[PDB]
Amino acid sequence: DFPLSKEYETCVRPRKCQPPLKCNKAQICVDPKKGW
């Protein structure tokens, strides 16, 4: 359906982070596992 991405980038409604990521509020998605 959607392209989606990993780490800091975006995670809107239609863009639900597949992997175990964590957003903030401005749609970014991230985690201590990989990124920061």
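If you're wondering, the header gives solution NMR.
In case you wondered, yes, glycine gets a Cβ from its N, Cα and C as well.
Per Swiss-Prot, these features apply:
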- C11-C23: disulfide bond (DISULFID)
- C17-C29: disulfide bond (DISULFID)
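All features noted in Swiss-Prot, drawn onto the structure.
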{"residue": "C11", "record": "disulfide bond", "DSSP (3 states)": "coil"}
{"residue": "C17", "record": "disulfide bond", "DSSP (3 states)": "coil"}
{"residue": "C23", "record": "disulfide bond", "DSSP (3 states)": "coil"}
{"residue": "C29", "record": "disulfide bond", "DSSP (3 states)": "coil"}
Among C11, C17, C23, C29, the one of these disulfide-bonded residues whose Cβ has the fewest neighbouring Cβ atoms within 10 Å:
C23
Give the distance between the Cα atoms of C17 (disulfide bond) and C23 (disulfide bond), rounded to the nearest whole Å.
9
C-alpha spacing of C11 (disulfide bond) relative to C29 (disulfide bond), in angstrom:
6
